[PDB]
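Below is one structure, written out as C-alpha cells, with a few remarks after it.
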Amino acid sequence: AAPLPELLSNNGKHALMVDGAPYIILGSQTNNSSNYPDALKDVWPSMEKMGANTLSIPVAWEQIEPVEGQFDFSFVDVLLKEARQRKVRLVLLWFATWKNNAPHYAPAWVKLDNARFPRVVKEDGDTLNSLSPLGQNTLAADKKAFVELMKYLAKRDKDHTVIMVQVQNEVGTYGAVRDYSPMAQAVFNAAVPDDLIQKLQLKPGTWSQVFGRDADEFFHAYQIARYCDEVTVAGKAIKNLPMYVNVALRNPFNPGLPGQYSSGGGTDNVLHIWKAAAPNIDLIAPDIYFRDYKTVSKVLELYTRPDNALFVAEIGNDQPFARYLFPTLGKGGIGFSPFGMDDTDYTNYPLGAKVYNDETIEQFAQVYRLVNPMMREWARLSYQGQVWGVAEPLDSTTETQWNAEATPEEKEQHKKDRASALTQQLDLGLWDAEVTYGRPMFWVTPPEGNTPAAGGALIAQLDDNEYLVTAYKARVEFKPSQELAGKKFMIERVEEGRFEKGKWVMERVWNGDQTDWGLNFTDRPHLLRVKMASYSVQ
Ligand SMILES: CCCCCCCCN[C@H]1[C@H](O)[C@@H](O)[C@@H](O)[C@H]1CO
Ligand code: NA
Ligand code: NA
Ligand code: NA
Ligand code: NA
C-alpha cells in the first residue's frame with residue numbers, strides 16, 4: 036500500500052518523501068563491523084538514547100554472496116524485523132566493489148581473483164588494492180549481487196522500512212589518480228564519450244585533448260560514476276528506492292593532489308562529471324570529518340546545489356560536530372547521520388570522540404530533541420518554504436589561546454572581536470534575526486561563546502510576520518529588516534508549543550523577562566511561534 040520513498044527536486048529545493056510526505060533523517064550510523072545479527076544488541080541502545088529515526092548500517096557483498104551464486108540474506112531478515120520492532124527506518128550501505136577505495140568487503144572469490152576482477156595499475160606498473168572501474172566482470176558481478184539484494188527488499192520490505200540505499204562506500208583510489216592498466220590506457224587514449232562532451236558544453240576529442248591537466252582525474256571520476264550509475268539503474272529496475280553515493284571529501288580550501296585524497300569520488304572539483312555521468316544517482320552526500328566551522332560551512336555550501344539535495348551521510352561523533360545539524364537543516368538538508376554510534380568497542384578518534392559513552396551520545400540527543408517534535412512540519416517547510424539555520428561560528432579555544442601573552446589592550450580588543458564574530462544576522466524578509474552565543478538570559482552583556490562551542494538556531498517562516506523558532510545555547514532577537522517610516526515595532530506574541538496530529542497546541546506564552554532580552558535557549562528543547570508587528574504611532 037505505502038508509496039515508495041522518493042527524492043523530489045523542484046525550484047532548486049529538495050525533499051526526501053517517506054510515506055508520501057517530506058522526511059528528515061535524524062540519523063545514526065554503526066561502526067563498520069556491526070553488520071551482523073549478534074552485533075545489533077550493541078546498536079539499538081545507542082540509537083534509542085540518541086532519539087534517531089533512521090539507522091545507517093552496512094550490507095556487505097561478502098556476507099550476501101560468500102560463495103558465487105549462493106546468496107544469504109539472514110542478516111537483512113533479522114535487521115528488518117528488529118528495526119520494525121523499534122519503529123525506525125533504515126538506510127542500507129552496499130559495501131561492494133569500493134569501500135574506502137578498496138575491495139575488502141567483496142567476497143573472497145572476488146577480491147582474491149585479480150585476473151577476473153582487476154585492480155588499478157599505477158603508471159610505474161605497481162598494483163593498488165583498488166578495483167578498476169573498467170573491469171567489466173567486476174561491474175557484472177556487483178550489479179548481479181545488488182539486484183539480488185533489491186529483489187529481497189522488493190519481496191520482504193513492502194512498507195519500505197528501508198528508505199534509501201547507498202551504492203558503494205567512499206569510492207575512488209588512494210595512491211594514484213586513475214587506472215593506467217593497458218585496458219584503461221586503450222579507453223583513455225581515445226575519444227571522450229559523445230554524452231559527456233554534450234552535457235559539459237565542450238569540443239570532441241580524446242581525454243587528454245578535451246580535459247588537459249585534469250584528464251587523469253576526470254577520467255577516473257567518469258568511469259567510477261558510470262560504474263555506480265549502472266549498479267544503481269540495475270537495482271532501481273527491481274525496486275525504485277532513492278540511492279546515493281558518499282564522498283571521502285577533499286579539503287575544499289587546500290585539497291592537495293588526487294591520490295592523496297580519494298581520486299575519482301564525488302569531490303567538489305568533479306561534481307559536474309558525476310552529475311553528467313550518473314543521472315540515475317539521486318544525490319552525492321558529503322562525509323564530514325573536518326571539525327572547524329569554516330571548512331564544514333564550505334562543504335555544506337559546495338554540496339547544496341539546485342541539482343544536489345544535501346544529506347550529511349556521515350559526520351564525526353565528537354562533541355563539536357553536533358551543532359552542524361543546524362546549518363545542515365537550514366540549507367534544506369534532508370538528513371544528518373553521525374558515524375560510529377554503537378557500543379561495539381571502537382572509536383574512530385582522531386576523526387570522532389576519543390571516548391564512546393552516554394555523554395558522547397547525549398550531545399547529539401540534545402540537538403535531535405529540538406527537531407523530532409516537529410520533524411514532519413519542519414520537513415515540509417524546508418521543501419515548500421523558507422528556512423534558516425546557523426551554528427556557533429567560533430570553534431572551541433585551543434590550549435594555546439597566545440591569548441594570555443597578549444597585552445591588556447590586545448585583550449579588550451580580543452573580547453570585542455569575539456563578541457562580533459559570535460553575532461550572526463539572518464534576513465527573514467520583513468524581519469531579521471540576530472543570533473548570539475554564550476551570554477546570560479537577562480540584560481545585554483556581550484556574547485562570549487559556549488565552552489565548548491555548541492550553540493545553534495533553526496527558523497522557518499510561517500507567514501510574512503510569523504516564524505517557527507527553536508535554538509540551543511543561544512539568544513535569538515528579532516528586528517525590522519527595512520527602515521519603518523515613522524512606525525515602531527514589537528513582538529506581538531511568542532507561544533511555546535507543539536504539533537499534535539499536524540495542529541499547533543499552545544502550552545504557554547513567553548513574555549516579560551523571557552522576551553525582553555531576545556529569546557534565550559539553554560540545552561532544553563522549546564519550540565516557539567514568534568509573531569512580529571509594526572504599528573503606527575503617528
Ligand atoms: C579530516 C580528515 C578525514 C580523512 C579521513 C576520511 C575517511 C572517512 N572514512 C569513513 C567511511 O565512509 C566509513 O565507512 C568509515 O571508514 C569512516 C571513517 O571512520
Ligand atoms: Na529540503
Ligand atoms: Na529583508
Ligand atoms: Na533588510
Ligand atoms: Na515545550
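Here the sequence shown stands for residues 36 to 436, 439 to 575, numbered as in the entry's author numbering. By construction, the Cβ of each residue, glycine as well, lies at the ideal position given by its N, Cα and C atoms.
If we count the other Cβ atoms within 10 Å of its Cβ and call it buried at 16 or more, is residue i buried or exposed?
| i | result |
| --- | --- |
| residue 64 | buried |
| residue 294 | buried |
| residue 354 | buried |
| residue 75 | buried |
| residue 389 | exposed |
| residue 480 | exposed |
| residue 433 | exposed |
| residue 303 | buried |
| residue 251 | buried |
| residue 569 | buried |
| residue 175 | exposed |
| residue 45 | exposed |
| residue 482 | exposed |
| residue 312 | buried |
| residue 529 | exposed |
| residue 478 | exposed |
| residue 146 | buried |
| residue 377 | buried |
| residue 94 | buried |
| residue 248 | exposed |
Give the secondary structure of residue i by DSSP, where H, G and I count as helix, E and B as strand, and everything else as coil.
| i | result |
| --- | --- |
| residue 431 | coil |
| residue 176 | helix |
| residue 153 | coil |
| residue 326 | coil |
| residue 527 | strand |
| residue 331 | helix |
| residue 561 | coil |
| residue 205 | coil |
| residue 574 | coil |
| residue 396 | helix |
| residue 129 | strand |
| residue 310 | helix |
| residue 158 | coil |
| residue 372 | strand |
| residue 46 | coil |
| residue 546 | strand |
| residue 165 | strand |
| residue 382 | coil |
| residue 554 | coil |
| residue 363 | helix |
| residue 144 | helix |
| residue 426 | strand |
| residue 405 | helix |
| residue 541 | strand |
| residue 534 | strand |
| residue 440 | coil |
| residue 135 | coil |
What whole-angstrom Cβ distance do residue i and residue j have, given they're in contact under 8 Å?
| i | j | result |
| --- | --- | --- |
| residue 370 | residue 347 | 7 Å |
| residue 547 | residue 531 | 4 Å |
| residue 573 | residue 526 | With 8 Å as the limit, residue 573 and residue 526 do not qualify as a contact, their Cβ atoms being about 11 Å apart. |
| residue 259 | residue 207 | 7 Å |
| residue 401 | residue 560 | 5 Å |
| residue 380 | residue 314 | With a Cβ gap of about 42 Å, residue 380 and residue 314 do not count as contacting. |
| residue 106 | residue 98 | Contact flag wrong, Cβ pair sits at about 10 Å. |
| residue 180 | residue 131 | 7 Å |
| residue 424 | residue 345 | In fact, because the Cβ distance is near 11 Å, the residues do not count as touching under 8 Å. |
| residue 198 | residue 126 | 7 Å |
| residue 564 | residue 409 | 6 Å |
| residue 533 | residue 520 | The pair is not a contact, with the Cβ atoms about 31 Å apart (cut-off 8 Å). |
| residue 135 | residue 205 | 5 Å |
| residue 269 | residue 178 | 4 Å |
Please confirm if the region 332-347 is in contact with the region 284-300, defined as three or more CB-CB distances below 8 Å between the two stretches.
These segments touch.
Hey, which unbroken runs of the alpha helix (DSSP H) at 4 residues or more fall wholly within the region 443-522?
The qualifying runs are 445-458.
Spell out a yes or no on whether the region 464-475 and the region 513-525 are touching, meaning 3 or more CB-CB pairs, one atom from each, closer than 8 Å.
With the cut-off at 8 Å, the region 464-475 and the region 513-525 touch.
Can you confirm whether the region 448-456 touches the region 496-512 when touching is taken to mean that 3 or more C-beta pairs between the two stretches lie within less than 8 Å?
At 8 Å Cβ cutoff, the stretches do not touch.
Could you name each continuous beta strand (DSSP E) segment of 3 residues or more that falls completely within the region 55-126, going from the start of the chain to the end?
Counting only runs of at least 3 residues, the region 55-126 fully encloses the following beta strand (DSSP E) elements, listed from N- to C-terminal order: 56-58, 60-64, 89-95.
Measuring CB atoms only, is the region 212-223 touching the region 162-172, in the sense that at least three cross pairs come out at less than 8 Å?
A contact exists between the region 212-223 and the region 162-172.
Sufficient close CB pairs (3 or more, under 8 Å) joining the region 276-284 to the region 312-323:
Judged by Cβ distances under 8 Å, the region 276-284 makes contact with the region 312-323, as three or more pairs qualify.
Which runs of the alpha helix (DSSP H) spanning at least 4 residues fall entirely within the region 180-238, listed in chain order?
217-223, 229-234, all fully within the region 180-238.
Report the start-end ranges of each beta strand (DSSP E) in the region 249-302 that is 3 residues or longer and not cut off at the edges.
The beta strand (DSSP E) runs of length 3 or more contained entirely in the region 249-302 are, from start to end of the chain, 278-283.
Three or more C-beta pairs below 8 Å linking the region 218-232 and the region 133-141:
Segment contact: the region 218-232 against the region 133-141, fewer than three CB-CB distances shorter than 8 Å; contact not assigned.
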